[PDB]
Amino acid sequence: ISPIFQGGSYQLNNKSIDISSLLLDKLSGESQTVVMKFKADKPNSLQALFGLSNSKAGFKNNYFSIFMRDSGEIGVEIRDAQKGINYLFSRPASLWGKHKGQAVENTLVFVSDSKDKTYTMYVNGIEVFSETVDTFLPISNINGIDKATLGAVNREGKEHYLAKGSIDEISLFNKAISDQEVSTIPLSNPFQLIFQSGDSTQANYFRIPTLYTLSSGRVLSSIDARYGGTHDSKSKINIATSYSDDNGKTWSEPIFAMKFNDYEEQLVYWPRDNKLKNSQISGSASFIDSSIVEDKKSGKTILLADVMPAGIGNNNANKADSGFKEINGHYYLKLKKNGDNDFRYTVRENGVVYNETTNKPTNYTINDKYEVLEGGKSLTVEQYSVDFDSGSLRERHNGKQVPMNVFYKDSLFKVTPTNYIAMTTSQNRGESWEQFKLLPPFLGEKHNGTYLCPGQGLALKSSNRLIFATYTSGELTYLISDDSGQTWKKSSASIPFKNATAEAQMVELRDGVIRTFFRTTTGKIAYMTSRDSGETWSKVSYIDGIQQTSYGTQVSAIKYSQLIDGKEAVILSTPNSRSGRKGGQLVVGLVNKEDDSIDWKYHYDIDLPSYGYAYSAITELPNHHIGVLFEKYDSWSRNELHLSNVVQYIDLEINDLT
């Protein structure tokens, strides 16, 4: 079906455009599709792009509108006072504003389907909502519609929700076009998706992106594949990876680097209403916060992530217990058996499960995958699936058996309910990953483990040294390996905060000189410096010229390979805002070789100051472009939970930044 109306190049300059004559008598039947290509790089706080209204006295609540907010939220209202219907459907963080300083053409498709009683909205090729109702209201079946309007809604003869922007193309159809037909509509996106809803991970949500450029030129990305909405652990989360061999143009189907099987990998539409949005998968083990590095010596890729046993997050993790027991020099994972009230077992050498009460070995062993064997025979547990069919979250057995893992709720032997760090390696640059190993405790038997800083580890250019930053109360705890990650030692660096989420990322300014940038609770990004390849660390300083919120946001950083303005250059990625996670910037700093101080000379705004930007990953692509994979939404805001396809990838050149 071809359009019943088609128009274009409308400038919305705080003055509505009447298209009633052109459109109203074209609308027929109960199903409609609106296709609109529009720009708004300077939107008003709340504005309507398109309206169908009853403009008469006493019918101010009889209208259909497509509206947007300066937060990037998109939505519709469908209202009829006589029918007593006031529908409002929307999703935050659905829009782009600007890319490389030019207004982005957003492609909006809204489908109003009378047969399925469903309203569906897509923006930039992403389905942002699909709502089914019991009582369907066709958009031109509103009582007394007499105006079709661009850039406002006409209510009682006056202009409401006046817009600033432009509509380059608008088409309407007297049909609810299919999901297939929608897929064929040309897009003008400034971004790409690496991970996305419906891909091989089957997670509907993603958080905590990473990027790392490998020596072969392959670019590797890791991420939290988050199943139970966007909630941190406790939840179900796996670590997924994807790579690009063509400088970020295309990406491989994801595989898992770290995954648990105690709960099904389910693509679930997590509820966003206030009563249910804090529903949380409460009995699954999870991985969270990955970080990547490449080792030149072995050629291996190394990935670490936090590990959380069933039902555990940072909120309830046993502080005061590492989960290991010291036996004269060595660290052994503790285990609690079904029915015991204490942890009377340890995993000794060769995975042998050992009874600490009688110093006796058992017939149980723990394999490489942390699965429980009895006499060489693999034990199993029944898997769980989750659903909201009952009206609340239900977690229940699904009839499938999976290998029994000591991180599981249903396991015969269970680890201490605290946080761990695991490592996995790849010998094929991310085509497959090994079974993970737990790192040993670094701060003692009675200290819970540190938290990995997501993003990149650091491979010093002039040596074999590998470093992963981690954080805990009162310090950064750098984990250092000189033997391809086979053994690790810690290097502790005091910071003047208690309990900070001090997510830290490192750059090598020059041989042996490391600057670490980190999240604080002060509203400023901090930094410290090592001049001996991470053995010792300076006191903490703060960057002026960038603002973060009181709670802070992860910051990513790289040392650029090429000189800028004749100087060594560092690039920082972070929100720049004291209010929320928004106003994303890449900030280019030039190093003063007199004292290694940095002058933050260029600020590149990734999109509008009001549009969301949270955790991020940055890398120098082999062609010297800059790749950025980032949460394009406010991942703190309690209004922006459980959004799909907001972690997005862009390609930039240094001349775009400067």
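All residue numbers are counted from 1 along the displayed sequence. By rigid core we mean the largest C-alpha set that fits within 1.5 Å across both forms.
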| request: State which stretch is farther from the displayed form on average in 6 other deposited structures of this protein, 369-377 or 202-210, counting RMS CA distance after fitting on the rigid core. | output: 369-377
| Fit on the core, then compare CA atoms: does 451-459 or 358-366 lie farther from this form in 6 other deposited structures of this protein? | 358-366
| request: Check the entry's C-alpha temperature factors for 564-572 and 464-472, then say which stretch has the higher mean. | output: 564-572
| field | Which of 204-212 and 397-405 has higher mean CA B factor, as the PDB entry lists it | value | 397-405
| query | Per the coordinate record, which of the options 377, 429, 259, 275 holds the highest CA temperature factor? | reply | 377
| query | Going by the deposited entry, which of 477, 322, 529, 284 has the highest CA temperature factor? | reply | 322
| query | Based on the entry's values, in what third of the chain does the Cα temperature factor of residue 56 lie: lowest, middle or highest? | reply | highest
| request: Grab the CA temperature factor for residue 35 from the record and place it in the lowest, middle or highest third of its chain. | output: middle
| CA B-factor placement of residue 600, once the chain's modelled residues are sorted into thirds | highest
| said: Among the modelled residues of this chain, does the Cα B factor of residue 592 put it in the lowest, middle or highest third? | reply: highest
| said: Considering every modelled residue of the chain and its Cα B-factor in the PDB entry, is residue 456 in the lowest, middle or highest third? | reply: lowest
